[PDB]
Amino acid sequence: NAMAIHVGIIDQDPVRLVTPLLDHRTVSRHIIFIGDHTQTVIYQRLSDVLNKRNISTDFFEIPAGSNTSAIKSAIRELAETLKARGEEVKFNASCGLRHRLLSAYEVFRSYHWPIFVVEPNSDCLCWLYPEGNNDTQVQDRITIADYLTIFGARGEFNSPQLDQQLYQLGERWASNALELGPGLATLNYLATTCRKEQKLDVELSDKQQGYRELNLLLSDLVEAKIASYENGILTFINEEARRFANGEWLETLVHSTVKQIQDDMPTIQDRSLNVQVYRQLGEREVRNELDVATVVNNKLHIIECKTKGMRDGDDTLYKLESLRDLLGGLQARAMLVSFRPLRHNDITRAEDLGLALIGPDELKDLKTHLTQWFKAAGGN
């Protein structure tokens, strides 16, 4: 209980030093992170997440050079103080540069303290010493919010009859996506006119009033009781209905589908819609939005939804991959869900970058393709 502690080596992706302490089966409620002076900030972030849970933390600084007899010396001093107290040390060897990792391993192994690693792909906690201990699957407890904090960012986060109408409307549009293509573009332009004018009504031109697919859409809005359409005037009942017709329908559907899959897939441990993400650089800031964000098997999964086509020096896929890396580190995964067809360029490019895709053809199987993507996270 009180004497049980973890020791871990900070690196640039230290999530696997936190997830063992969040697992309800772990006795230890204290960890000492070993790092160099420039990793104080990573320490502070790690501590924000763990301290929230009343898990306590300390930072023990090794010298920053590559001299390993000096590292082993610093760590043996630490070990000897821990040994003198009767601390029941467990060494989490999941993280850290290999020179520091193996120096700490030598020291801790000589004290006969248990040593384990979370294999990042399987998420299994594996006992390196003593091999007799039983490996377990790390529980899935960390949130998106915690994930962002760890990686130096901060997120800002967010009926029943309305929700179901918005859900079923999305299903219809997703499953007839190619049929509805052009019409949803015109609806997007109409919703955008309302947005720019700050109103919920818009008069259609006579040409717009004769468009076949648009009219299919207008009458869906009407049946769903989220707009009225009378004498060429389209009125949304509210801003959320206007945003929905503007194109937020697809991310709403994806969020709603993830929530359905999660009822039977406990590895999906967190989910959110339109997370605002902030990162400070001195006085400056970079702001991003995550259309649907999840954590699954302790790995951050981001889904970008597009309802318009990709340009043409397009940045969508380079940017998505870049967010993935920077917000969830090496195990993070990302998907683009696209209402419009994807050019082969962008397909080949998504493959090159390791980004998953769901296009219009597969939108009628959204729930299955999403399940498959989430199963591939492991953890079951």
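Residue numbers here begin at 1 and follow the sequence given.
Chemist: Between residue 158 and residue 159, count the deposited residues left without coordinates and pick a bin: none, 1 to 3, 4 to 9, 10 or more.
Modeler: 4 to 9 residues are missing.
Chemist: Unmodelled stretch from the deposited sequence between residue 311 and residue 312, which bin: none, 1 to 3, 4 to 9, 10 or more?
Modeler: 1 to 3 residues are missing.
Chemist: Would 290-298 or 201-209 have the larger average of its C-alpha temperature factors, as given in the entry?
Modeler: Mean CA B-factor is higher for 201-209.
Chemist: Please compare 339-347 with 319-327 and say which has the higher mean C-alpha temperature factor in the record.
Modeler: Comparing averages over the C-alpha atoms only gives 339-347.
Chemist: Of 251, 283, 140, 123, which one's C-alpha B factor is largest in the deposited record?
Modeler: Comparing C-alpha B-factors across 251, 283, 140, 123, the maximum falls on 283.
Chemist: Highest recorded C-alpha temperature factor, please, choosing from 90, 100, 279, 255.
Modeler: Max CA B-factor in the entry, restricted to 90, 100, 279, 255: 279.
Chemist: Looking at the temperature factor on the CA atom of residue 362, which third of the chain's modelled residues does it land in?
Modeler: As the PDB entry reports it, the C-alpha B-factor of residue 362 lands in the highest third of its chain.
Chemist: For residue 19, return the chain-relative third of its C-alpha B-factor as stated in the PDB record: lowest, middle or highest.
Modeler: Its C-alpha B-factor belongs to the lowest third of this chain's values.
Chemist: Ranked by Cα temperature factor within the chain, is residue 114 in the lowest third, the middle third or the highest third?
Modeler: For residue 114, the deposited C-alpha B-factor lands in the lowest third.
Chemist: Is the Cα B-factor recorded for residue 368 in the lowest, middle or highest third of its chain?
Modeler: It belongs to the middle third of the chain when residues are ordered by C-alpha B-factor.
Chemist: Looking at the entry's B-factor column for C-alpha atoms only, identify whether residue 145 ranks in the lowest, middle or highest third of its chain.
Modeler: Answer is middle: the recorded C-alpha B-factor places it there.
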